[PDB]
Each structure stands twice: as C-alpha cells, then as structure tokens.
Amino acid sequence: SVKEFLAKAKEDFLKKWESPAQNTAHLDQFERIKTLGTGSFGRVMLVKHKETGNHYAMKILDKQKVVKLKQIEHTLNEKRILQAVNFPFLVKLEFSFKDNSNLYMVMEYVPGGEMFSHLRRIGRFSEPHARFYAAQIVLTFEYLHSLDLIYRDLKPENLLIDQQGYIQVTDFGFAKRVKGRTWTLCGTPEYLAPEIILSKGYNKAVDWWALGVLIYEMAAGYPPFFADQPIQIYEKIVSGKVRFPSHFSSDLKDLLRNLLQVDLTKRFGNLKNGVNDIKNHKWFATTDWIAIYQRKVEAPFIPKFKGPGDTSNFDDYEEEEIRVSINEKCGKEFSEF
C-alpha cells in the first residue's frame, strides 16, 4: 500500500525536479523583521509578505560566501530539491529568487522554534515523547529515500516544532539526489556515520544511523558520541562501542543497537525489509503510523505563543542590514537558481 502512495509522490516530485520553479518573487515584496538563525554563508529571517500578510522564514545566502565555501552545487541541490518535495513534516519552500548579491529561499515560518532549544532547556524527552518525534523522522526519511534523496544533516538544530507540536524538517543544505553512492564529507560531527568518517563511499544508510544518534540524544539529553574535539568524536564513532543511560528501556537499547550499527550489512533501514524493520520494532509497537502521518495523534506539548510573528521560541541574533551590490556577483555559478 504505502508502495502506492510513494509511487504517486514520485511522479509529482519528478515533474518539479525536471522543471523547477525559478524567480517567483522579489525582495521588496517582503518586510524583513528579525533573524531566526544563522549559518556560515547566510541567515534566516522572519519576514512578512506584503500582498498577503503571511509570515515566512526567508533564508538569505551571500553568493560570494557560498562560492568561497565550495557550496555552490550543494546550494543548487537544496533549492532544486526543496521546490519539488511535498510532505507533512517537511517545511515548504514558497518562493525563491536571487539578486546581484544574494540567493533567497522563502519557506514557511515554523513559530515553535528548534527542537534543540526545547531539548537543551528541559534536559531530555521521555521515551513516548522522543518516539512521537522519531516516528515523524522515520516517515520523512521513508518519503525522501523513495525519491533517491539523502538528507545528510539530521540533528535537533534542524528540526522545528509547529503550532501543533509536530516536527518540521528544514535545512536541506546537504540534501542530494543520488542513485548508488556518494563521497562528500559533510554533516555534523556528532551525527556522522562511520562510513562517512572512513571516506568509504556511502548511501542513504547514513540517514538511518543519524536517526539513531537523534533518538539517543532526545531520550538521554546528550548524544552517544561527544568530546571537546571533533577528532575525538570521530574516534568514538568508529570504535564500534556505545553506552546507554541506565534509564533507557531494553526495547530502546535494542533499537539503537540496530541503528548505530557500524556494519552497513546489519543496520536497520538498510536490510531487505528496509524501513519496515524500524517501523515494526517493538519500541514503535504503540506507534500508529497512519495517525501520525494524518496529524491525528496528540503531541507531547504545544509551543507557547502570543500573537502572530511572535519569536519568543527563537534565540536573538545580531542583526545585519542587507546590502545588494550594484554589480552582479557569480552570475554563471547560480544561473539555474
């Protein structure tokens, strides 16, 4: 059955993939309000679309900084992929455009803030709470992988909580459409699969490992592999050892042993039954996947809010006036954007 749902999804996706939307708005159509988060070559700002009054989250990338960091192709990937996908737990890309200086991607604003903030503040989630979120990541990866996409940057910092307390995955900077295998060393140290660190060549199995890290971090309050130095983190990841808090249920430990499996030939989500080995695990036995997909399950908590455009669930960041050069930068490099 789900076989059928994905089939139809892929046709919709493929059409947009081959004929992407381009230049669907202009900077002056948006009122810029406040920075919601930052990256090495840009920022995301809360904006208000003037003609409709809708609030959006507008990612602003400096073309010159994208080039210096060798992220041209990754950025083209991000935008091409994001304009073609459609899933309840994936943030929507509403418009994209560019000007002399920047690339712009206007996405839905998710007012609940990052899972990261909530997790650090409360310490750790209960198992039911973690499970509810993990289920949404399982369904989202199921969708994304059926499209030959790898996500490649799962972590709490990249998951937003919506007004219903459900997850919205954002940050498709490393997403890629690949059949077979890829080699780029990218991701976030705590979340890297052993095969990335080992320069092995890798595939969608790395997303399932990262799901292992995420669930662990959500339930424990810290990740399974951490140190002051990335190199010491890498050594722990490839050591093939992991320890669980004593409050982890036996089912949770069993699940995580199978996700944080250093051996591709043994990792859940990478065997014959694919994602169904995860969906059918006892830890998920209480999970009604259809109810989750349909947003019929009561969330562990709803973010607090006061009036639209309220940002209390996001940290404050240093603000920086936008400047658009009188000269076009890196035209050819971003032609297709």
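When you see a residue number, it is the position in the sequence shown, counting from 1. So that the term is clear: the rigid core is the largest set of C-alpha atoms that superpose within 1.5 Å between two forms.
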- Message: Root mean square C-alpha distance from this form after a core fit in 9 other deposited structures of this protein: higher for 324-332 or for 9-17?
- Response: 324-332
- Task: Any chance you could tell me whether 76-84 or 96-104 drifts more in 9 other deposited structures of this protein, judged by RMS CA distance from this form after superposing on the core?
- Result: 96-104
- Check the entry's C-alpha temperature factors for 195-203 and 107-115, then say which stretch has the higher mean. 195-203
- Query: Higher mean Cα B-factor in the deposited model: 50-58 or 281-289?
  - Reply: 281-289
- Item | Highest recorded Cα temperature factor - choice among 73, 171, 235, 148 | 235
- Item | Residue of maximum C-alpha B factor among 83, 261, 182, 140, per deposited coordinates | 261
- Item | Position of residue 244 among the chain's modelled residues by C-alpha B-factor, lowest, middle or highest third | highest
- Message: Among the modelled residues of this chain, does the Cα B factor of residue 253 put it in the lowest, middle or highest third?
- Response: highest
- Note on the structure: Here the Cα B-factor of residue 315, set against its chain, lands in the third termed lowest
- Query: Split the chain's modelled residues into thirds by Cα B-factor; is residue 211 in the lowest, middle or highest one?
  - Reply: lowest
- Query: If you rank the chain by CA B-factor, which third does residue 265 end up in: lowest, middle or highest?
  - Reply: highest
